[PDB]
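Data block below; observations after.
Naming: A, B, ... by sequence-line order, numbering from 1 per chain. For the numbers below, each heavy atom of this structure counts, side chains included, while hydrogens, waters and symmetry mates do not.
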Number of protein chains: 2
Amino acid sequence: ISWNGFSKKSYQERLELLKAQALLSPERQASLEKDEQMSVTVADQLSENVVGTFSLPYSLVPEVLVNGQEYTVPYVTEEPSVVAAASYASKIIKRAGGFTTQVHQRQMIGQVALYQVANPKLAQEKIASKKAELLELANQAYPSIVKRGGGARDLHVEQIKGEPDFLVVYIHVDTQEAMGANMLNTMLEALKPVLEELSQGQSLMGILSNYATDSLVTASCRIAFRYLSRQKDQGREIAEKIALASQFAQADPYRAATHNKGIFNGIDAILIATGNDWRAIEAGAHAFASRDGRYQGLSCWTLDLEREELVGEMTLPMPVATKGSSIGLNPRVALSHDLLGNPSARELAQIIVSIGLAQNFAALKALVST
Amino acid sequence: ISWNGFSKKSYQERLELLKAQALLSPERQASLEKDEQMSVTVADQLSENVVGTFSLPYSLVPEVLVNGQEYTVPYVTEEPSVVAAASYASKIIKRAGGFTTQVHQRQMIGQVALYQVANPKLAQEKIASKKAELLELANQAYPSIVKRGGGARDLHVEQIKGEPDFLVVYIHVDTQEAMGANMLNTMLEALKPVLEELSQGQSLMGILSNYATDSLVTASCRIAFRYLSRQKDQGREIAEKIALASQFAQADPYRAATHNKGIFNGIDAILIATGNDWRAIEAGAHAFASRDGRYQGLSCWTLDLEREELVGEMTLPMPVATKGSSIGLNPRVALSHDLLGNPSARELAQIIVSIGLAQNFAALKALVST
Ligand code: NA
Ligand code: NA
Ligand code: NA
Ligand code: NA
Ligand code: NA
Ligand code: NA
Ligand code: NA
Ligand code: NA
Ligand code: NA
Ligand code: NA
Ligand code: NA
Ligand code: NA
Ligand code: NA
Ligand code: NA
Ligand code: NA
Ligand code: NA
Ligand code: NA
Ligand code: NA
Ligand code: NA
Ligand code: NA
Ligand code: NA
Ligand code: NA
Ligand code: NA
Ligand code: NA
Ligand code: NA
Ligand code: NA
Ligand code: NA
Ligand code: NA
Ligand code: NA
Ligand code: NA
Ligand code: NA
Ligand code: NA
Ligand code: NA
Ligand code: NA
Ligand code: NA
Ligand code: NA
Ligand code: NA
Ligand code: NA
Ligand code: NA
Ligand code: NA
Ligand code: NA
Ligand code: NA
Ligand code: NA
Ligand code: NA
Ligand code: NA
Ligand code: NA
Ligand code: NA
Ligand code: NA
Ligand code: NA
Ligand code: NA
Ligand code: NA
Ligand code: NA
Ligand code: NA
Ligand code: NA
């Protein structure tokens, strides 16, 4: 059923159109129609010193085509035009064939930092030769994840120079559908004593890394000039300027911040809708943006002149989750996951990166157009 | 009146204690007591494709001492223990004298990117000699801010090399209590034609920069070892390990992301409470974290061994606002500003950076303790 006029329709009419799309079960549609909120009692369980609740808008971005599957995407944002722009971007890219996306890996990285290591090279050697035993020790400490087919998968050790020197042990862990912060905290605590013994050093801390390079996800889109503007040669102008806009963000940190901000107008909105920790996704992606020695734009837009196409691409660390307290307790979050056809964390991650690149597309097109 | 037991008190008892503190007017206390939310109708004005609203917890972090003034800080977070940790951090630092903070500048930066500039050096020369006229042209285009004592204050031009070369013009603008994105969009549009004429180039875009280096704010705290632990020599151990934790984050991007994530658990929570754009604050701070060539921790913790003190310090771009749509329309946001004694954007910024450093303190202390 057509989605056009959805923006101009009234709140009641939007709800009836959504109902007509038959995306939600009777209970979820009713829940949405009485705008069921998470209660103070439930809020009081999630957080501390709770004295009430706080509301933001809940919107829909329809027609998000990811790998030939269409989604109606939920957004939570307080910013005017963020949703309109994501919706507009999404429709264009759908006409153009939607997004093509891949998950390169899905693992969480945990680290233990050791210091007062007399012989870092010898220590590094011992720990790395004891790798399989150490992985077994982490997996025994958290047997709940091995039974579900995940667990600790790899281990490496780095000498990091400085004031003072640190010997850092990284574990790589399949956490399946979970974020993994508690899991990795427990696994890493089990390893501390043996790591101290083997290194003859003191363990400083054992903690998940929000720099999730074992969970990179890339999205691309391929947009023919005729979808950018029907007027003759105007599509090429627009695409040219978007490519220049992309180059500008590679060149100037002052542009790149803003460029990457716009991407996260979309990303944080759906992360909130899905009960995901946006602080974590923000940190990893913004760290990723500075990996080649300077802070740069997270996406790139280039031209295919023979095919007459605008190409957009983006890789982000996206260790999102489909289970967790907020997902279990906030009834709108459960609704959001149902609305999305209950994607696995992998599929959700591919939708989120796509949303990011859509949001970016509308931002650049608006900025560079007369 | 004492705040202890506030965490363990019931939701009703917390509200009665808050009432006893007399921090809110009768209307605001009543508004909070019936948990007045922003309505769907109001939500529908803020955002697009609105089909409902979305709720998160609303909590209090009491006893935040900033420059000898105590605040009860509002938080909006879905993460267990974030509030408890901020509250715990805040009480310790209050005993220790609270935070000392300063605003170095408060200005917004806008940029126009020019390309196809044949002679960038000549163009740079012309624009810079025409500086005062250009500033006047921006101020005429937005007279609403000059009457309130703000406006365009400075202009500079940079040659940024790459593929291709860009000539970028930056304006620096006092936007008073406002974020300034609309203001700077309008001012920069007024400048485009003349900038093109003077440079003999094409303007790509005119846009606010979320890399807000003209709005840096620093907070510090000075914590005696005896406040970290009453046991003999245990305070020194803890402080030593926090300093090492700080060094770890300077050395390893994998730690720094997580380190900076924790800071923003606090910052984003109060930014939501106050109707502020957290995507913008995230982008600028995370870009700031990579300014010295590598992605590093945003705060530093060092020891004063003679004075027996743990010192924490943090500088962040904090161009927050005290006016704007969300602030005008979401009744809990208005409440949050009233709760805080209606601080100016400058004072709010100093509270937010302090909150960040408090959140960081509890994170590090927990990670490095037995
Ligand atoms: Na309406
Ligand atoms: Na209606
Ligand atoms: Na919390
Ligand atoms: Na509590
Ligand atoms: Na309440
Ligand atoms: Na929304
Ligand atoms: Na995983
Ligand atoms: Na970490
Ligand atoms: Na993460
Ligand atoms: Na990770
Ligand atoms: Na990866
Ligand atoms: Na992934
Ligand atoms: Na591709
Ligand atoms: Na750009
Ligand atoms: Na951002
Ligand atoms: Na953008
Ligand atoms: Na969330
Ligand atoms: Na959420
Ligand atoms: Na990330
Ligand atoms: Na991450
Ligand atoms: Na870019
Ligand atoms: Na993933
Ligand atoms: Na939630
Ligand atoms: Na609901
Ligand atoms: Na699910
Ligand atoms: Na956008
Ligand atoms: Na936009
Ligand atoms: Na309660
Ligand atoms: Na109660
Ligand atoms: Na919006
Ligand atoms: Na609308
Ligand atoms: Na509703
Ligand atoms: Na909260
Ligand atoms: Na300003
Ligand atoms: Na910009
Ligand atoms: Na900003
Ligand atoms: Na700025
Ligand atoms: Na400054
Ligand atoms: Na400032
Ligand atoms: Na100081
Ligand atoms: Na740290
Ligand atoms: Na963050
Ligand atoms: Na932290
Ligand atoms: Na907000
Ligand atoms: Na808000
Ligand atoms: Na910032
Ligand atoms: Na900023
Ligand atoms: Na640090
Ligand atoms: Na400020
Ligand atoms: Na709001
Ligand atoms: Na309220
Ligand atoms: Na105010
Ligand atoms: Na914390
Ligand atoms: Na913590």
Taking salt bridge (charged side-chain N to carboxylate O under 4.0 Å, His left out) as the definition, give me every residue that meets it alongside [X], ordered by chain and number, with sequence neighbours left out.
{"X": "A:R332", "result": "A:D35"}
{"X": "A:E79", "result": "A:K261, B:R279"}
{"X": "A:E125", "result": "A:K121"}
{"X": "A:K192", "result": "A:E189"}

Going by atom types alone, do [X] and [Y] pair a side-chain donor with an acceptor below 3.5 Å?
{"X": "A:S299", "Y": "A:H259", "answer": "yes"}
{"X": "A:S354", "Y": "A:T101", "answer": "no"}
{"X": "A:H337", "Y": "A:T322", "answer": "no"}
{"X": "B:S87", "Y": "A:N49", "answer": "yes"}

Taking ring pair (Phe, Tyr, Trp, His ring centres under 6.0 Å) as the cut-off, I'd like each qualifying pair that reaches into residues 28-66 of chain A, sequence neighbours left out, listed once.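 Every pair satisfying ring pair (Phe, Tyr, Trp, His ring centres under 6.0 Å) with a residue in residues 28-66 of chain A: there are none.
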Qualifying ring pair (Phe, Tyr, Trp, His ring centres under 6.0 Å) pairs, either residue in residues 198-222 of chain A, two or more places apart: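 Passing the test, one end in residues 198-222 of chain A: A:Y211-B:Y254.
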Check each of A:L348, A:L339, A:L340 against A:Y71 using the side-chain contact (heavy atoms from CB on, under 4.5 Å) test, and report the only one that passes.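 Considering A:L348, A:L339, A:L340, a side-chain contact (heavy atoms from CB on, under 4.5 Å) with A:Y71 is found only for A:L340.
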Take atom CD of A:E197 as the centre, draw a 6.0 Å sphere, and report whether it contains more than 12 heavy atoms from other residues, nucleotides or ligands.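 Check fails, neighbour count at 12 or below.
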Under 30°, 30 to 60°, or over 60°: which ring-plane class applies to A:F264 and A:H286, parallel, tilted or perpendicular?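 Judged by the thresholds at 30° and 60°, the geometry between A:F264 and A:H286 is parallel.
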